[PDB]
Amino acid sequence: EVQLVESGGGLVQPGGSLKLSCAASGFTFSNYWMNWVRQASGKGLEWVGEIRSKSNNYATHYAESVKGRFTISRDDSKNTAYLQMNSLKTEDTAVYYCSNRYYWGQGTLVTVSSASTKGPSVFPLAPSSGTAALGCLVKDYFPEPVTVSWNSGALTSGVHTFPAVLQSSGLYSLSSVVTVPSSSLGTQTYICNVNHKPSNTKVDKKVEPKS
Amino acid sequence: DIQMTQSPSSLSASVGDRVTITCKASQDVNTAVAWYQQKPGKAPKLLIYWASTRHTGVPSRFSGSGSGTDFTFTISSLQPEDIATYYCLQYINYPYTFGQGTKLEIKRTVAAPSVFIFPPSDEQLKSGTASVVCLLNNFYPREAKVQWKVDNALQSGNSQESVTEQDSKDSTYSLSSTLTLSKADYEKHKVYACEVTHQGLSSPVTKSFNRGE
């Protein structure tokens, strides 16, 4: 019933600016103090700042790493909190979470880089000739993230979507695999649904035995 | 700025074990302490606030205790789904400060990997690159050696591996290794093999294909 939906995350130039939004429902927004927290890939939680209620004159406090660059604001009529980010550095690269102190949103990735957006190629990991493995190789993309589902989310059991690997090229690659009954290979269709939102790339790849 | 130092940084425990994590504040913080659980791929979730109050819907097996500078987080009976990194947070003064986190892993019985090898697709070969993939599925423990051979030549420096976090039901790992070759190198060789060494295998397992066939 309680929802925090982050938006506005993406790829930005060093020295650039970006505004994140946090759309809240399921609680009396104006009574809660809204917080931003960020997490760099494979690292710990780092508090960004807090905005207090109107009763507290919308008082704001910031971590020292961001003060003077980042502004937290709220619009109680919209049930929304904002994080305005100026003079962005590579070090600001993280997943950004919004909280009402009790609940957190899904979080949104900010990548601060001069590297170009690139859309992935999707290749089959075809099953051999009773448990069979098959998959999709999602090759050569920037920035993170990609999402993979199987048969539009109807196939979840036996699915392993691996953490993305950064290649020497500076582009990411990711594999998603599923194990299925070998008897099902003739009859049941297996499609990996790949979405790389940063490059506007959506692919459905049917994976079947090579003839 | 109030330091929150967690102990230990990593913990391995069996299913059903009582698990304990401590957090030491660098000053008095009264009961102004929260504990968060971050499962693989997910946002952190609030478990405990005011040092010992359980957030609504949180399972009773999770508890906190402490006051001033010494705080404890307890799992009475560790369940498979409790795989996560746990963080303490200080919230008496700005700036609020997180502990460095405790990564919780589960010890279970040895499980041998199922091994699969995947040749590069015809579609990819058109691009001038060939990716060969080895899958090691549902094994414990994490330690596993993958060796690539192309016509008997051990391949070094031209592969990358990725490992899942521990599964929330069976506590196993899965691992993918990708060998990247030029299309020209791929076309010049016949026998592609990945060899897997693991505690759960009585001797190493090899999966291979012949390019031509």
Side-chain angles (χ1 to χ4, degrees), chain A residues 119-139 141 146-164 173-196 201-211, chain B residues 41 80 111-127 130-139 146 162-165 167-179 186 191-194 196 200-201 205-213:
Chain A
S121 300
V122 182
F123 307 116
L125 304 172
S128 199
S129 315
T131 283
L134 59 88
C136 284
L137 176 53
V138 185
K139 209 196 183 314
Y141 65 88
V146 304
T147 63
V148 188
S149 57
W150 286 89
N151 299 346
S152 307
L155 178 58
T156 54
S157 77
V159 176
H160 296 106
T161 300
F162 288 91
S173 179
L174 170 151
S175 282
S176 183
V177 299
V178 61
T179 53
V180 295
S182 60
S183 66
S184 82
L185 289 187
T187 83
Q188 177 61 43
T189 295
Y190 297 107
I191 297 172
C192 71
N193 320 101
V194 184
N195 202 190
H196 186 240
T201 301
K202 191 174 305 207
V203 178
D204 297 329
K205 179 83 208 172
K206 179 171 184 168
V207 185
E208 62 183 345
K210 200 176 205 81
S211 56
Chain B
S114 313
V115 183
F116 306 86
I117 189 166
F118 299 104
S121 69
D122 289 341
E123 273 306 307
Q124 189 190 15
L125 290 181
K126 282 153 67 158
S127 81
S131 303
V132 198
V133 179
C134 193
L135 174 61
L136 288 61
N137 207 37
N138 296 346
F139 60 88
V146 182
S162 184
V163 193
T164 55
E165 296 293 337
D167 182 87
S168 68
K169 288 158 222 196
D170 70 14
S171 309
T172 64
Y173 298 91
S174 291
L175 180 154
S176 80
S177 182
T178 308
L179 179 67
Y186 179 65
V191 181
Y192 293 84
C194 66
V196 172
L201 297 167
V205 173
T206 301
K207 300 301 178 182
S208 62
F209 63 92
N210 300 327
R211 177 181 44 77
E213 309 142 25

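To find a chain, count down the sequence lines: A is the first, B the second, and so on, and within it residues start at 1.
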*Is there side-chain contact between B/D122 and A/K210, with at least one heavy-atom pair below 4.5 Å?*
yes
*If every non-hydrogen atom of B/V196 is compared with every non-hydrogen atom of B/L201, which pair is closest and at what distance?*
O-CD1, 3.7 Å
*asked:* Counting C-beta onward and ignoring hydrogens, is there a side-chain heavy-atom pair between A/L125 and A/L134 closer than 4.5 Å?
replied: no
*Please report the shortest heavy-atom distance between A/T187 and A/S183, naming the atom on each side.*
CG2-O, 4.2 Å
*asked:* Rounded at 0.5 Å granularity, tell me how far CG in B/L136 sits from OG1 in B/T172.
replied: 11.5 Å
*Where do A/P163 and B/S162 come nearest, in terms of heavy atoms and distance?*
O-OG, 2.6 Å
*Kindly compute the distance separating NZ (A/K139) from OG (B/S121), expressed to the nearest 0.5 Å.*
11.0 Å
*asked:* When you compare the side chain of B/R211 with that of B/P119, does any pair of heavy atoms fall below 4.5 Å?
replied: no
*Would you call A/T131 and B/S114 a side-chain contact if the rule is heavy atoms closer than 4.5 Å?*
no
_A/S152 OG to A/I191 CD1 distance, which is reported to the nearest 0.5 Å_ = 7.0 Å
*Contact check, side chains of A/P127 and A/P209, non-hydrogen atoms, under 4.5 Å*: yes
*Plane angle bin for B/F209 and B/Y192 - parallel if under 30°, tilted between 30 and 60°, otherwise perpendicular*: parallel
*asked:* Run the side-chain contact (heavy atoms from CB on, under 4.5 Å) test on A/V194 and A/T201 for me, step by step, so that the C-alpha distance in whole Å, both residues' side-chain angles and the decisive distance to 0.1 Å come before the verdict.
replied: CA-CA 8 Å; A/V194 184; A/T201 301; over 6 Å; no
*Evaluate the ring planes of A/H160 and A/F162, with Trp represented by its six-membered ring, and classify them as parallel (under 30°), tilted (30 to 60°) or perpendicular (over 60°).*
tilted
_Can you give me the closest heavy-atom contact between A/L137 and A/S173, atom names plus distance?_
CD1-OG, 3.4 Å
*Answer with yes or no whether the side chains of A/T147 and A/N195 bring together a donor and an acceptor at under 3.5 Å.*
no
*So, does B/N210 use its side chain to make a donor-acceptor pair with the main chain of B/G212 at under 3.5 Å?*
no
*Value rounded to 0.5 Å, distance of CG in B/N138 from OG in B/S171*: 11.0 Å
*asked:* With rounding to the nearest 0.5 angstrom, report the CZ to SG distance, A/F123 to A/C192.
replied: 11.5 Å
*Carefully, step by step, assess B/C194 and B/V115 under the rule side-chain contact (heavy atoms from CB on, under 4.5 Å).*
CA-CA 9 Å; B/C194 66; B/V115 183; 4.1 Å; yes
*Side-chain contact, heavy-atom cut-off 4.5 Å: A/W150 with A/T156?*
no
*Can you see which heavy atom on A/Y141 is nearest to which on A/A164, and at what distance?*
OH-CB, 3.2 Å
*asked:* Tell me the closest heavy-atom pair linking A/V159 and A/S176, and the distance in Å.
replied: CG1-OG, 4.1 Å
_Interatomic distance, B/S168 atom OG to B/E165 atom CD [nearest 0.5 angstrom]_ = 12.0 Å
*asked:* Does A/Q188, at its CD atom, have more than 12 non-hydrogen atoms belonging to other residues, nucleotides or ligands within less than 6.0 Å?
replied: yes
